[PDB]
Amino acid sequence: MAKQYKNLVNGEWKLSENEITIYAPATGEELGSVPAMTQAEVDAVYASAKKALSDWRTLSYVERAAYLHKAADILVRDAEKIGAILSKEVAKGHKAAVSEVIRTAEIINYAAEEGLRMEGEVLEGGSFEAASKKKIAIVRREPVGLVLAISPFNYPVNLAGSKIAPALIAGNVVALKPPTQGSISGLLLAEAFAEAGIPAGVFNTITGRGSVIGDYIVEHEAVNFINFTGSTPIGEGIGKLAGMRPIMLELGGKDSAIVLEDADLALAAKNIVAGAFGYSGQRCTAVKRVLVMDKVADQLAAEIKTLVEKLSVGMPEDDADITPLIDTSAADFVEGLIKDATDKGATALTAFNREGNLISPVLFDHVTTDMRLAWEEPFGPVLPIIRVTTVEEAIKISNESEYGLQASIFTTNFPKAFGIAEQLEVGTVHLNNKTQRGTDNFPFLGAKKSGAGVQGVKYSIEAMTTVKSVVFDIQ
């Protein structure tokens, strides 16, 4: 039942002297163990990847795309088998975990076909000066080299594949460092690439304790690019450890949902509840605060309340909407935000209840900017409603956040919604819909402390490629 998992290192499956046992956050069930790599074993992974780089980058785009398509087919075949373990490993609903594996296969296939249509440009010297009119630049794309991909606990397969496939199609070699709570899933994803016959050293995995290899994996001079999803403080550290090297960071969010007086309140409540409470609010791109005009606030709060009361609260195996949080510390942190809001006079529209790390969904009304819940990312099923008098106030409060991932605007006036969107300091603005990363072909980025670089399949490919210009004179 509980297997001893191994790392993919240069086409071989390796155990380490020490290991980390992984337990199901909802039940405490032992799921297996992953290797606890040393720095010398991380060196072996990077040496194998740099050695494999020359033969991988010289393959055709077609040949590289064929491996990715083969990996995605194996993921679709084993979606139930991987989804069942993923569900237990990060306390995600069984169906939602299987959906994550299917979405990963879709992103791998889309990146394989997006990346193979890689084009260059021909520039004319005569565009700038007459004397150089016979000079042209043949500009072609090249891989950056070794990409270190760091996936998060909440999407350990999906936000590993969204980094791996775009890097691999471009001719880069990859080392996946999954989170410890999610490493069995990351290694199951690696088994699909290994079964697809990915050449030795082109795709590898690293698992271990942050105290032994956390900074080491990023600082290493073999790494040419770091692609990470995780907390803002960890991302801030990765940015300095990267030095001059290119990075892509997907960090926290405190996405606001601005509801104007002319909004469809039932549609706004439906989207706000689905977005805020999806995976018990353990998503960076979740709706984390409602900024509603006071005229429609009482009716909107009542409609959000009725929907929050319907949400099922239970175990991942029963596909509950609200499942247990990733760990005790996460649950304690969420309870502290709920306590601060209650003590400062916010109205609890739905009751707080906690059984283990299973916190019931809490909706708060009359939330003010002096409450921690107005600003701090909970990663838990708690949503504040902050009443505003003007749209200028809603923009001001929205932009006062250190985060700027996405925003939602619920209104029937789209020219005004576009004007508001221009002023919001976020990557994406959704009109009459919850904030969301999808569709995966769209750009996904965060302003301020929410990230660095632009994600979305083609943008991820462009970010993990460089340019080689060949200039010559026509005679």
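Start at 1 with the first residue shown and count on from there.
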Between the two ranges 299-307 and 372-380, the one averaging a larger CA B factor in the entry: 299-307
Would you tell me which stretch averages the higher CA B-factor in the PDB entry, 129-137 or 231-239? 231-239
From the list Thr428, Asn441, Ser48, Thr412, select the residue with the highest C-alpha B factor recorded in the entry. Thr412
Between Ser312, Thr205, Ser280, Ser151, which one tops the list for C-alpha B-factor in the PDB entry? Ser312
Third assignment of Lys177 from its chain's C-alpha B-factors: lowest
Split into thirds by Cα B-factor across the chain's modelled residues, where does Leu53 land: lowest, middle or highest? middle
Binned into thirds over the chain's modelled residues, the C-alpha B-factor of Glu250 lands in the lowest
Using only modelled residues of the chain, where does the Cα B factor of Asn399 rank: lowest third, middle third or highest third? lowest
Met293 CA temperature factor, ranked by third within the chain: highest
